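What follows is a single structure, written as structure tokens, with notes after it.
Protein chains: 4
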Amino acid sequence: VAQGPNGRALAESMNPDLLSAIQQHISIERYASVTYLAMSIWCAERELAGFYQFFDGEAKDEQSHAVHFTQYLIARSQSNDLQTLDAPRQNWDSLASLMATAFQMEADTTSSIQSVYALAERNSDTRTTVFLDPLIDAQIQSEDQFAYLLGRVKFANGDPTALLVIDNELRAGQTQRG
Amino acid sequence: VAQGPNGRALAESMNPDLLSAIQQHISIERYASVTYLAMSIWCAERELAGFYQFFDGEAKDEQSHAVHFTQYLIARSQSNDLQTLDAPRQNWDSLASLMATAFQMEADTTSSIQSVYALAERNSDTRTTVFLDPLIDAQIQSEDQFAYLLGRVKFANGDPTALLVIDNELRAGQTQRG
Amino acid sequence: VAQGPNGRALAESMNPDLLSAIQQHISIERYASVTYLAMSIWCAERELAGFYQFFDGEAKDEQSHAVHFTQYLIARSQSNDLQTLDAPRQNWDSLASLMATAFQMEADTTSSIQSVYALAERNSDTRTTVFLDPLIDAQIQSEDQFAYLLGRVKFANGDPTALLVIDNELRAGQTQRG
Amino acid sequence: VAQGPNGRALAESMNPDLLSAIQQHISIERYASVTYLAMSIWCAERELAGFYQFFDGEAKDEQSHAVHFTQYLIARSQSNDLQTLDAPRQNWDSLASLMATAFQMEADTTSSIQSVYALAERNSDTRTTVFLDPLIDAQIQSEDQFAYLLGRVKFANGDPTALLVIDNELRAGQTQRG
Ligand SMILES: [Cl-]
Ligand SMILES: [Cl-]
Ligand SMILES: [Cl-]
Ligand SMILES: [Cl-]
Ligand SMILES: [Cl-]
Ligand SMILES: [Cl-]
Ligand SMILES: [Cl-]
Ligand SMILES: [Cl-]
Ligand SMILES: [Cl-]
Ligand SMILES: [Cl-]
Ligand SMILES: [Cl-]
Ligand SMILES: [Cl-]
Ligand code: NA
């Protein structure tokens, strides 16, 4: 029985380019997490309490997704390499601009997963594509949700009354089309 | 004991013009159903989640009404003839325009029932007028409900804030005067 | 942030040939639904109450599958296009012939999903293959179920006693090998 | 305040031809009741216990329908006139022949109600047509049920095994398409 790079028994070797891509994706999810924290703070500073609570939860959930990936590398007997984390964006001129960045961040997270997926396919790493399948499904739902929140905020057209109504929706947990 | 056109024992023959009118009405209700599905999609595309949920339920209910009619033809030992279904209207410039089409669709459904009713009276088919009586009563309530939703949306006068408030009413199930 | 063809924020553009294939598949599932409705009526006309109840439920379930696809197009910011629905087949000389058509309809539904799947793979649309994976799994179970019902009816070899026994099985909800 | 023919206060006089038609209809329902009793006995004599239980209940229900009509005449301050009751048919060569007579009896009961209904319409007696409306609706369901039982028995094609299976269905209360 062979030993993998992290010292555990190795079921199947992993291509180093694929390993590097997964470690980079962990950084992307950690960066999404701190970005959602920054967004939660921006909303709290403007008394948008429902948006603050929503993004606080998204920050925690994105970190969990990142840790889920570190557990996969452990399971594959591959080394983890936690990287320097860039500072997030922290300034927006409007809630609509913030929500556009949030949607972009979610789509970019999926794009990173897709790039890992394609590299796994090139290397015939079926464990990795199977591992990623439910995470892509969750990203479809998250993209649908962030398009809903962004579209509702854009519909408000900067009216504070409409934004207070949506803020109260989010505080109540009404965050998707349902 | 005589056999009816669908092969079952026949309690009382039905005039072929009346049979054709009932088969056409089934098509009208099936068309109302797919129209409400189209409306649910239009609302979902604009993040009007409460209207999306309302019309999704109306689509399912209208299909049930259609099947209720197919069961009556079975009970009368008459043949069913499921017809080609036209594609629904799918484009509107405003929610107010959509709700006007929805109200028109409900009134047109009643008008079709009324035309069947009058033909049953001409043929002295008391089973059919009795069968239709509670369906007309339900249509009165549905017309009252759709006039309420259309009138509330028109009262909003295109203000997004007002439309978000009404959208949340519908998501909560507040869909009638009560 | 770009806008998709249905107006919502766009996470990733979709190839128009793939979009057309998904819209066509929605029509296939809607056609399966009305076909199962036609089958439910045919069975009801012959007092096969368990088969009537089974196909009535299959009609409702197939419509739900169709709506599930419309929701995916919404989530991908793609336009829906609800199409004209052909009239279903409505006449069979025997229950065994009906069940053969039902099995064929289920296999043809899977074949349509497979064709969408292959087109998604050609375009590297991993969101769509992930979305389709559980629907293919459900189709495997449905094909297994319809092969069971068709095989049991063929085993009956046209004996009315055997068909009454199977009819009572279906009324009781005994519709699979288990 | 005027007194009606039975001595009670009279809300609205009733045409004597209509009164005679209602008294005759009470006899028809009483005759249906004793006919169903005769059928229950015929089935019991042949150990068709489920059919015996079904027709025993139909006999009791038909008598209740008859009494319902006597209560309407009381409510309209009209005289009741309970008539001589003919002896029922009591001999059949097969269960299929019995079920045909049962279906005919149900259709003939509806026909009698229809004749009362038309006479009420000619006399503009809206109380009577309103009273009859739910009874016609129940007759539609009863005709549907008796067509189901007759059709299932005919499907059996005289096979004792099939008739025992249907007999057990009826004993269990499985008496309609559902
Ligand atoms: Cl900005
Ligand atoms: Cl804004
Ligand atoms: Cl940015
Ligand atoms: Cl318009
Ligand atoms: Cl509007
Ligand atoms: Cl229109
Ligand atoms: Cl055939
Ligand atoms: Cl067969
Ligand atoms: Cl076919
Ligand atoms: Cl006889
Ligand atoms: Cl027989
Ligand atoms: Cl007779
Ligand atoms: Na049995």
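Quick note, the sequences are listed as chains U, E, X and S, same order. With the first sequence counted from 1, adding 4 to any position gets you the deposited numbering. With the second sequence counted from 1, adding 4 to any position gets you the deposited numbering. With the third sequence counted from 1, adding 4 to any position gets you the deposited numbering. With the fourth sequence counted from 1, adding 4 to any position gets you the deposited numbering. Note that beta-carbon positions come from the ideal geometry of N, C-alpha and C, so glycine has one too.
* Can you name the residues that DSSP bridges to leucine 89(E)? -> Paired residues: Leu89(X).
* On the three-pair Cβ rule with 8 Å, is the segment 113-127 of chain U touching the segment 40-57 of chain U? -> Touching, no.
* **Inter-stretch contact at 8 Å, needing at least 3 Cβ pairs: the segment 9-22 of chain E / the segment 72-91 of chain E** => Here the segment 9-22 of chain E makes contact with the segment 72-91 of chain E; the two share three or more CB pairs at distances below 8 Å.
* **Selection of the segment 108-136 of chain E by Cβ proximity to chain S, strictly under 8 Å** => Within the segment 108-136 of chain E, the residues whose Cβ lies closer than 8 Å to any Cβ of chain S are, in chain order, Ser128, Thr130, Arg131, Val134, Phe135.
* Asked: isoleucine 45(X) to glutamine 75(E), Cα distance in whole Å?
  -> Rounded to whole angstroms, the separation of the alpha carbons of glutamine 75(E) and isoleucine 45(X) is 8 Å.
* **Residues whose Cβ lies closer than 5 Å to any heavy atom of ligand 11, in chain order** => Listed by position in the chain, the residues whose beta carbon lies within less than 5 Å of some heavy atom of ligand 11 are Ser98(S), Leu99(S), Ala100(S), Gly162(S).
* To do: Examine ligand 9 and report whether any of its heavy atoms sits within less than 7 Å of the Cβ of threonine 113(X).
  => No, the Cβ of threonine 113(X) stays beyond 7 Å of every heavy atom of ligand 9.
* Is the Cβ of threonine 88(E) closer than 8 Å to any Cβ of chain X? -> By this cut-off, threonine 88(E) is an interface position.
* Asked: Among all the DSSP beta bridges, which residues are the ones paired with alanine 13(X)?
  -> BP columns for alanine 13(X) point to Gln7(X).
* To do: Scan the segment 141-161 of chain S for residues whose Cβ lies nearer than 7 Å to a Cβ of chain E and list them as they occur along the chain.
  => Shown in chain order are the members of the segment 141-161 of chain S whose Cβ falls below 7 Å from a Cβ of chain E: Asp141, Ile144, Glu147, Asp148, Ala151, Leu154, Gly155.
* **alpha helix (DSSP H) segments (min. 4 residues) lying fully within the segment 113-173 of chain E** => Fully enclosed alpha helix (DSSP H) runs of 4 or longer: 130-160.
* Mind listing which residues of the segment 166-182 of chain U have their C-beta closer than 8 Å to chain E's C-betas, in chain order? -> Contacts with chain E (Cβ-Cβ distance below 8 Å) from the segment 166-182 of chain U involve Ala166, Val169, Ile170, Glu173, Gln178, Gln180, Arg181, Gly182, listed in chain order.
* To do: Compute every distance between the C-beta of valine 169(S) and the non-hydrogen atoms of ligand 13, then say whether any falls below 7 Å.
  => At least one heavy atom of ligand 13 is nearer than 7 Å to the Cβ of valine 169(S), so yes.
* Decide yes or no for the touch test of the segment 58-69 of chain X against the segment 88-96 of chain X: beta carbon pairs closer than 8 Å, at least 3 of them. => Taking 8 Å as the limit for Cβ pairs, the verdict is that the segment 88-96 of chain X does not touch the segment 58-69 of chain X.
* Would you say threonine 105(X) touches ligand 9, meaning its beta carbon is less than 7 Å from a heavy atom? -> It does: the Cβ of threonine 105(X) is within 7 Å (strictly closer) of some heavy atom of ligand 9.
* Could you tell me whether any Cβ in chain S is nearer than 8 Å to the Cβ of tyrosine 56(X)? => Between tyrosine 56(X) and chain S, the shortest Cβ-Cβ separation is below 8 Å.
* Use the C-beta contact count for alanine 176(E): other C-beta atoms within 10 angstroms, 16 or more gives buried, fewer gives exposed. => Note on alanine 176(E): under 16 other CB atoms within 10 angstroms of its CB, so exposed under the neighbour-count rule.
* Asked: For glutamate 173(S), which residues of its own chain have a beta-carbon under 6 Å away from its beta-carbon, when the five flanking residues on both sides are left out?
  -> Taken in chain order, the list of residues that qualify is empty.
* Using a Cβ-Cβ cut-off of less than 9 Å, list which residues of the segment 64-94 of chain E approach chain S; keep chain order. => Within the segment 64-94 of chain E, the qualifying residues are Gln75, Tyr76, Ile78, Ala79, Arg80, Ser81.
* To do: Kindly examine ligand 7 and report whether one of its heavy atoms sits closer than 7 Å to the Cβ of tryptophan 46(S).
  => Not so, every heavy atom of ligand 7 lies at least 7 Å from the Cβ.
* Of all the residues that make up the segment 14-27 of chain X, which are near chain E by a beta-carbon distance shorter than 9 Å? -> Listed by position along the chain: nothing, the set is empty.
* Asked: Ends of the alpha helix (DSSP H) at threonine 179(X)?
  -> Per DSSP, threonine 179(X) is not a residue of any alpha helix (DSSP H), being assigned neither H nor E.
* Asked: Which bits of chain S does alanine 48(X) rub up against, with CB to CB less than 7 Å?
  -> Those within 7 Å of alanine 48(X) in chain S are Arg181.
* Can you tell me whether DSSP reads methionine 18(S) as helix, strand or coil? -> Three-state DSSP puts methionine 18(S) in coil, outside helix and strand.
* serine 31(S) and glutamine 108(S) closer than 8 Å at C-beta -> No, these two residues do not count as a Cβ contact at 8 Å.
* **Where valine 38(E) meets chain S, residues with beta-carbon distance less than 7 Å** => Within chain S, no residue has its beta carbon less than 7 Å from that of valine 38(E); the closest one is some 27 Å off.
* Could you give the residue range of the alpha helix (DSSP H) that holds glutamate 66(X)? -> Residue range 53-79 is occupied by the alpha helix (DSSP H) that includes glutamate 66(X).
* Within its chain, find whatever has a CB closer than 7 Å to the CB of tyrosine 40(X); leave out the 5 residues flanking it on each side and keep chain order. => Cβ contact annotation for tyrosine 40(X) (same chain, cutoff 7 Å, sequence separation greater than five): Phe59, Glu62, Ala63, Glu66, in chain order.
* Can you give the Cα-Cα distance for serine 115(X) and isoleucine 144(U), rounded to whole angstroms? -> Rounded to the nearest angstrom, the gap between the Cα atoms of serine 115(X) and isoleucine 144(U) is 24 Å.
* **Same chain only: Cβ atoms within 6 Å of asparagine 127(E), ignoring 5 sequence neighbours per side** => So the list reads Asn19, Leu22, once near-sequence residues are dropped.
* Asked: With 16 as the cutoff for other CB atoms within 10 Å, does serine 24(U) come out buried or exposed?
  -> The Cβ neighbour count for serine 24(U), taken over all protein chains shown within 10 Å, is under 16; the residue is labelled exposed.
* Answer yes or no: the CB of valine 157(U) versus the heavy atoms of ligand 2, is any distance below 7 Å? => For ligand 2, at least one heavy atom lies less than 7 Å from the Cβ of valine 157(U).
* Check whether the Cβ of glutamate 51(X) lies closer than 8 Å to any Cβ atom in chain S. => Interface annotation, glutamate 51(X): in contact with chain S, CB-CB separation under 8 Å.
* **Three-state class that DSSP yields for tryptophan 46(S) in the structure shown** => Correct three-state label for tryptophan 46(S): helix.
* Got a sec: is the Cβ-Cβ distance from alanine 100(S) to anything in chain E below 8 Å? -> Not one beta carbon of chain E lies nearer than 8 Å to the beta carbon of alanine 100(S).
* Straight-line CA distance for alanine 36(X) to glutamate 110(X)? -> Looking at the two C-alpha atoms, the distance is approximately 8 Å.
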